[PDB]
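Here the protein sequences line up with chains G and A, keeping their order. The opening residue of the first sequence carries number 2 in the entry's author numbering; numbering runs sequentially from there. The opening residue of the second sequence carries number 27 in the entry's author numbering; numbering runs sequentially from there. These notes concern the structure reproduced below.
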Amino acid sequence: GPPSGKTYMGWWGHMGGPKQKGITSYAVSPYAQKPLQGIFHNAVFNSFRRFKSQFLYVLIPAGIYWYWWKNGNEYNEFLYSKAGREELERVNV
Amino acid sequence: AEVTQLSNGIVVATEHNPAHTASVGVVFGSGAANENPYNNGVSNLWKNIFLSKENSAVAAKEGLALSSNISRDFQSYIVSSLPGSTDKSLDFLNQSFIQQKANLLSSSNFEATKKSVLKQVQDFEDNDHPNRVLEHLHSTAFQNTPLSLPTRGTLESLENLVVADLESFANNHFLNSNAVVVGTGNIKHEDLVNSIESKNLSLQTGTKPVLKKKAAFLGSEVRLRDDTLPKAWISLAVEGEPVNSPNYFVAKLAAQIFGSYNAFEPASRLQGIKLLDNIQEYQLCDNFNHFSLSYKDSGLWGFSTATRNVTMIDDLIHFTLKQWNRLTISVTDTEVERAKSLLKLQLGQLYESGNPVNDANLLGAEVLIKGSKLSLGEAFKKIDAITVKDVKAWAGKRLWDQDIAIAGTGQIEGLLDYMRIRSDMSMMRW
């Protein structure tokens with residue numbers, strides 16, 4: 002038809018992957034499988050894994066920013082109380 | 027057309043018609059369905075020494091010809107004679123299965139035979155992609171269950187097989203209660219049964235085989251992707267009928283409705299099959315063929331196909347399964363009638379070829395399971411009696427919204443996921 006730019010994805014039968022040989026896959030009908038009362042007993046000590054790896058990447062930046070926020074806030078509170086109106090005059094303009 | 031079966035100490039079955047030659051053989055009621063995962067291929071190995079150069083020369087001197095066949099439910103060892111030598115075939119049978127069944131398993135014979143079934147089963151896996159796929163179909167459809175074992179055995183159970191495994195199998199299955207002696211050709215029943223009751227000696231009579239656990243269909247798939255092969259070969263089936271099912275013939279007729287096809291044969295493109303209107307427009311395949319495979323415990327009903335149209339495999343599968351949907355809801359009188367006529371023709375061409383070795387295998391397998399053979403004319407009575415209502419009731423039980431089993435090899439990237447195939451086993455309704 003109208004031509005076409007070459008891409009990095011094709012379609013079923015010519016996806017653009019490398020030639021596959023030697024790999025054999027197996028599967029079983031959902032119909033033949035245990036109705037979903039399985040997970041648990043086999044899979045709940047399993048997961049809750051992927052966040053043992055991750056929680057530090059989230060928590061430590063979170064901690065840094067929460068600490069930094071709490072500190073600046075408590076300082077602003079002091080500045081606008083009676084006790085701090087002297088420091089307020091100093092740091093303001 | 028005859029069926030004379032009578033039991034002395036052994037069970038003797040014959041079917042004679044003045045042809046030319048006569049075939050005599052013993053057919054055991056145990057095949058690859060009786061093996062393990064680990065001695066899988068022992069029956070095929072037995073077959074191959076029975077036909078070894080040593081045993082085969084001893085028969086060719088006497089002017090005898092040797093034939094054997096390993097199946098799932100059964101196993102057969104057959105000698106063809108020239109019909110007055112119907113006695114010298116029984117000599118070769120007993121000289122092998124009593125005398126030489128300790129001389130065939132000589133160290134140099136076994137090692138040269140094992141080396142030959144290894145090149146044999148390897149060649150199969152490397153090159154015979156349609157039968158390779160169909161064998162894997164049984165493997166996944168009937169996984170962890172007797173019907174899953176391949177008849178030729180696997181390369182790994184084969185190369186680890188020893189003389190004692192042959193022995194142990196032969197001592198548990200080559201028994202009297204698991205045997206039938208079969209004669210086809212032109213020789214009479216009383217011509218053979220007397221030559222059998224001539225010599226006595228029972229040999230391991232009273233011994234039963236070993237029992238097991240029943241075969242079961244599991245909806246599943248095995249995908250043997252190989253992008254270097256120039257085609258895709260796929261087989262797809264539901265749980266079909268065992269032999270001695272009420273619907274044995276309804277199933278076989280249903281398969282004849284869609285029949286078989288070859289894109290390069292002009293005549294084949296012209297058959298009265300509605301599916302052909304769909305698949306010929308873009309040439310969705312080089313060939314397909316439907317089957318109703320029946321065994322003792324179960325069977326497979328489905329089709330196999332081969333194609334170079336690797337970007338439209340999903341249309342092949344979709345149009346084929348939409349046709350099968352029709353069997354439950356809209357199959358016509360004249361489709362059923364066309365199938366009756368063609369089922370008779372093909373069932374005829376099977377049961378009455380001009381080759382007695384085929385007759386023996388068909389007789390042997392039948393009498394081992396139901397203790398008798400249904401005559402060709404009796405089948406035609408059953409075939410003609412099938413109504414549209416029968417096919418619909420059958421399809422609604424076996425085809426409609428039922429699990430399937432899939433196997434394929436070659437360029438099958440375009441064969442969609444299981445659930446997509448499985449959803450097409452029915453249609454949306456109000």
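All C-beta atoms, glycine included, are put in the ideal place defined by N, C-alpha and C.
Check	Outcome
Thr354 (chain A) vs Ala421 (chain A) beta-carbon contact at 9 Å	yes
Exposure of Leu441 (chain A), with buried meaning 16 or more beta-carbon neighbours within 10 Å	buried
Near the ligand FMN: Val219 (chain A) beta-carbon under 8 Å from a heavy atom	Of ligands this structure carries none, so the ligand FMN is not represented either.
Local conformation of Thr435 (chain A) per DSSP, three classes	strand
Alpha carbon of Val219 (chain A) to alpha carbon of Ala86 (chain A), nearest angstrom	25 Å
Under 9 Å between C-beta atoms of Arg352 (chain A) and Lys415 (chain A)	no
Beta-carbon contacts of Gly209 (chain A) that lie in its chain and below 6 Å, excluding the five residues immediately before and after	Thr40, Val50 and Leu218
Which of helix, strand or coil DSSP assigns to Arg251 (chain A)	strand
Rounded Cβ spacing between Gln428 (chain A) and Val336 (chain A) (contact assumed at less than 8 Å)	Their Cβ separation, rounded to whole angstroms, is 28 Å, which puts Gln428 (chain A) and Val336 (chain A) out of contact at 8 Å.
As assigned by DSSP and simplified to three states, the class of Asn387 (chain A)	helix
Contacting residues, own chain, Cβ-Cβ under 6 Å from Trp456 (chain A) (five flanking each side not counted)	none
Status (buried if at least 16 other CB within 10 Å, exposed otherwise) for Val92 (chain G)	exposed
Proximal residues to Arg251 (chain A) (C-beta, below 6 Å), its chain only, five neighbours per side dropped	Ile438
Neighbouring residues, chain A, relative to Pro36 (chain G) (Cβ below 7 Å)	By Cβ distance, chain A contributes nothing, its closest Cβ being about 15 Å from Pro36 (chain G), past 7 Å.
CA nearest to the CA of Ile260 (chain A), picked from A:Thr331, A:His42, A:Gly390 and A:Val393	A:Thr331
Stretch-stretch touch, CB-based, cutoff 8 Å, three pairs: the segment 167–177 of chain A with the segment 196–209 of chain A	no
Cβ-based neighbour list, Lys238 (chain A), same chain, cut-off 8 Å, excluding 5 preceding and 5 following	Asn60 and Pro172
Through-space distance from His46 (chain A) to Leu108 (chain A), alpha-carbon basis	7 Å
Residue ranges of each alpha helix (DSSP H) within the segment 305–380 of chain A, 4 or longer	339–355 and 359–377
Chain-order list of residues whose beta-carbon lies under 8 Å from that of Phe118 (chain A) (same chain, five-residue window excluded)	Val84, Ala85, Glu88, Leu90 and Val105
Proximity of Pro268 (chain A) and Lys322 (chain A) at Cβ, strictly below 9 Å	yes
Span of the beta strand (DSSP E), counted from its first residue to its last, around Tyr103 (chain A)	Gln101 to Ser107
Inter-residue spacing [alpha-carbon to alpha-carbon] between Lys140 (chain A) and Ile75 (chain A)	9 Å
Straight-line gap, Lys423 (chain A) to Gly55 (chain A) (C-alpha atoms, nearest Å)	30 Å
Range of the contiguous beta strand (DSSP E) that encloses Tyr287 (chain A)	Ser286 to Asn288
Short Cβ contact (9 Å threshold) for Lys278 (chain A) with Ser318 (chain A)	yes
Within chain A, the residues that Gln21 (chain G) reaches when beta carbons sit closer than 7 Å	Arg251 and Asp253
Cα-Cα separation, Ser228 (chain A) to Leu400 (chain A)	29 Å
Contact list for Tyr32 (chain G) against chain A, beta-carbon separation under 8 Å	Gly245, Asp429 and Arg448
Buried or exposed by the 16-neighbour rule on C-beta atoms within 10 Å, applied to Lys366 (chain A)	buried
Minimum Cβ-Cβ distance from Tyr68 (chain G) to chain A less than 9 Å	no
Cβ pair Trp72 (chain A), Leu192 (chain A) closer than 9 Å	yes
Proximity test, Cβ basis, 9 Å: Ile339 (chain A) and chain G	yes
Endpoints, the alpha helix (DSSP H) within which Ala167 (chain A) is located	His155 to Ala167
Distance, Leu244 (chain A) Cα to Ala33 (chain G) Cα	7 Å
Environment of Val188 (chain A) [buried if 16+ CB atoms lie within 10 Å]	exposed
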